[PDB]
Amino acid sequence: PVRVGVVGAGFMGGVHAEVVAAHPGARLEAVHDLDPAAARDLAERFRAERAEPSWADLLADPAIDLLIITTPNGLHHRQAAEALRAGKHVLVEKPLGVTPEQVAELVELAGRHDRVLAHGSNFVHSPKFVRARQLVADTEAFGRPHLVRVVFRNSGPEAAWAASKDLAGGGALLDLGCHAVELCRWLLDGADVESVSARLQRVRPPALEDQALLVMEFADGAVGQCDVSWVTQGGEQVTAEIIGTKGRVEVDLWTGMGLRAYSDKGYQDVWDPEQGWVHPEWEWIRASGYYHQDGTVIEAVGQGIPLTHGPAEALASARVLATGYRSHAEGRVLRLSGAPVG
């Protein structure tokens, strides 16, 4: 049974602790947070073997097989490296690193230590996205894909740390674009990126970008748009569409649950908006890919099944994003090398 430690007992510590507690092949062994009280609380909610106040002792404890890192972005690099050196397998929430060189360093490392390194690209394990991908891959029906667009918009992360560059490593392009890039590439069966073009906005007053458009040109001729926002009210939106020479496919995560409700007051267990017509969620964690993702990882560790979707994909997406940042700065379409296309 894969013995698991959660590192950072906030929102995603919580989600991963739920999924782990429910997996018959794993045991939620430990929870650690800089804030010992948040660690104890989460340890009790999901019946963890214990709360570990010490990172040092955590890493030394040979009873742990795997660490799930759900701390702020800027910590991911250092914490994952220490972890892999200590001999633990590691699942890191996105973004795996804050730059391509950070990511590449972790990949090098995991391999040196013969450990599983996985990253939190949960959507790529969302069952409705898995289906979407099979439909685009049905060449008789869909023909050849030529457009893919992934939209990811919300009213922005609440946590204080997501507003500082050192702790967040970036604004909306990094926070949400990682997911969108990775979804475009994967929806097209790991398509090779030839060029990248991006423009960023700062919508909210005085700074990290809170909105972005990034466009990729792929080898096979197709074009990928990633449209990403921290400044969209009205409820999170996660949608994709793919268009081929014969077909079309659309995916809708948050308004594709087939539930609607209306109240004046607001329903007790419905996030936002509260009042009026809403689209309540059912099994949002599963729908979003977290159970399958973590299940894949538990399986990789439990018995050396390499990962369907590996950290090389995180390197690729990191390069895209870094090239996007630079495309914006220079107002130009760019190769991943960084050089202008012309």
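All residue numbers are counted from 1 along the displayed sequence.
- Missing coordinates between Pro206 and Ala207 amount to 10 or more residues of the deposited sequence.
- With 186-194 and 221-229 compared on mean CA B-factor from the PDB entry, the stretch scoring higher is 186-194.
- On average the C-alpha atoms of 51-59 have higher B-factors than those of the other stretch, with 51-59 and 283-291 being the two compared.
- Reading the B-factor column for the CA atoms of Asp138, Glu93, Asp175, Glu250 in the entry, the top value corresponds to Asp138.
- Which of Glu108, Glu158, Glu236, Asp264 has the largest Cα B-factor in the deposited entry comes down to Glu108.
- Ranked against the other modelled residues of its chain, the C-alpha B-factor of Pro100 as given in the entry falls in the highest third.
- Ranked against the other modelled residues of its chain, the C-alpha B-factor of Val278 as given in the entry falls in the lowest third.
- When the modelled residues of the chain are ordered by C-alpha B-factor, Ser317 sits in the middle third.
- Placement of the Cα temperature factor of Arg199 within the chain: lowest third of the modelled residues, per the deposited record.
- For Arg131, the recorded CA B-factor ranks within the middle third of the chain. Only modelled residues enter the ranking.
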